[PDB]
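Next comes just one chain, in structure tokens: the form deposited in one PDB entry.
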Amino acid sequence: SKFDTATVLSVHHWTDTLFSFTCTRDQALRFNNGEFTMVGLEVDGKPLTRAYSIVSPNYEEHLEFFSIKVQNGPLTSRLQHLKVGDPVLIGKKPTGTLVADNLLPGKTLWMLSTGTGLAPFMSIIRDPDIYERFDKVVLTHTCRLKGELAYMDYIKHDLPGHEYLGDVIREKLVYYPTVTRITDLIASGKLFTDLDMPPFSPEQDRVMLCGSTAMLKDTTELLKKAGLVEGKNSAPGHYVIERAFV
């Protein structure tokens, strides 16, 4: 009842661990790029769900999600075996903290991600309002594998009704690979050398963080020392965070 029952439209194994699927989207399901919803399946007549960031942008006809097999838990195992035509549960109330409006006006946007933290940014980098209010966007990730990069490359060019975004992304979006190390890279300044960019300041730099608990603790502490403040609905700031879904 708190879920709608979507139909799986396409399934993809980009590597042995990385799996994506697209499915039908409820007619009431509005969201902002970056948000998540509950995703799962009816198992033993009970809904079995977990939070997944919506990968697709809000102007795409279908939804998209992806999954990384790590521990191969009950849900991940069953999701990885979805077939086109299969029923899937999609929560009706999307939500999340990666909210651009909770960032004060600025020049540069950093999207700092590890593992599945990449997922909500596959959606945000296709949000046109990002490029209307920022000069530059940097996305840092931990993808290294052939098939993982092929997936990001596919996302990058999937722009239904927004083909003019192709030139804008090419101009403004910079991908920057790290290692399962970004904290260190901010600490040594090497992040800001590789890309010739000034180190974090509350004057120009706005940040989004999606990654592991440890990554968020260590990296926020580094942003604090540069004098950046966390944003909130009631009070926009310099950074926002969300724990990566695993």
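Rigid core here is just the name for the largest C-alpha set that superposes within 1.5 Å across the two forms. We number the residues from 1 along the sequence you see. Only residues modelled in both forms are compared.
> Would you mind checking whether any residues of the deposited sequence sit unmodelled between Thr180 and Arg181, and how many (none, 1 to 3, 4 to 9, 10 or more)?
4 to 9 residues are missing.
> Look over 219-227 and 11-19 in the entry and identify the one with the greater average Cα temperature factor.
Result of the comparison: 219-227.
> Which is higher on mean Cα B factor in this entry, 190-198 or 206-214?
Averaged over C-alpha atoms, the B-factors run higher in 190-198.
> Whose CA atom has the top B-factor in the entry, of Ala28, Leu63, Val70, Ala51?
Among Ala28, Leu63, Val70, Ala51, the highest C-alpha B-factor in the entry belongs to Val70.
> Split into thirds by Cα B-factor across the chain's modelled residues, where does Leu173 land: lowest, middle or highest?
Middle third of the chain for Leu173's C-alpha B-factor.
> Using the temperature factors of the C-alpha atoms in this entry, rank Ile241 within its chain: lowest, middle or highest third.
Middle third - that is where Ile241 ends up once the chain's C-alpha B-factors are sorted.
> Tell me, lowest, middle or highest third: where does the Cα B factor of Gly40 rank within its chain?
It belongs to the middle third of the chain when residues are ordered by C-alpha B-factor.
> Of the three thirds of its chain by CA temperature factor, lowest, middle or highest, which one includes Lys83?
Tercile = lowest for this residue's CA B-factor.
> With respect to C-alpha B-factor, does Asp101 fall in the lowest, middle or highest third of the chain as deposited?
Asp101: CA B-factor falls in the highest third of its chain.
Omitted from view is the form deposited with a small molecule bound, to which the following refers.
> Does the trio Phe36, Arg243 and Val246 actually contact the small molecule in the entry with it bound, every residue with a heavy atom within 4.5 Å?
The answer is yes: all three residues contact the partner (heavy atom, 4.5 Å cut-off).
> Answer yes if any heavy atom of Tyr52 is within 4.5 Å of a heavy atom of the small molecule in the entry with it bound; otherwise answer no.
Yes, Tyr52 is a contact residue.
> Does at least one non-hydrogen atom of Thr76 fall within 4.5 angstroms of the small molecule in the entry with it bound?
Residue-level check for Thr76: yes, a contact with the small molecule.
> Against the small molecule in the entry with it bound, would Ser56 count as a contact residue? Criterion: heavy atoms within 4.5 Å.
Contact with the small molecule, no.
> Looking in the entry with it bound, any heavy atom of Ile125 within 4.5 Å of the small molecule?
No, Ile125 sits far enough from the small molecule in the entry with it bound that none of its heavy atoms falls within 4.5 Å.
> Which residue among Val70, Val179, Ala187, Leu195 has a heavy atom within 4.5 angstroms of the small molecule in the entry with it bound?
Looking at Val70, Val179, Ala187, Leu195 one by one, just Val70 meets the 4.5 Å heavy-atom criterion.
> If you check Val137, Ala119, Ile90, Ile155 against the small molecule in the entry with it bound, which one has a heavy atom within 4.5 Å?
Residue within 4.5 Å of the partner: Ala119.
> Name the stretch: of 196-204, 215-223, 43-51, 24-32, exactly one has residues whose heavy atoms fall within 4.5 Å of the small molecule in the entry with it bound.
Going through the listed ranges, the match is 43-51.
> With the rigid core superposed, which of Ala214, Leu195, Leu48, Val70 has its C-alpha shift by 2 Å or more between the shown form and the other one?
Only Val70 moves by 2 Å or more at its C-alpha.
> Hey, quick one: aligning on the core, which runs of at least three residues have all their CA atoms off by 2 angstroms or more between the shown form and the other one?
Flagged stretch (3+ res, CA at least 2 Å): just 70-72.
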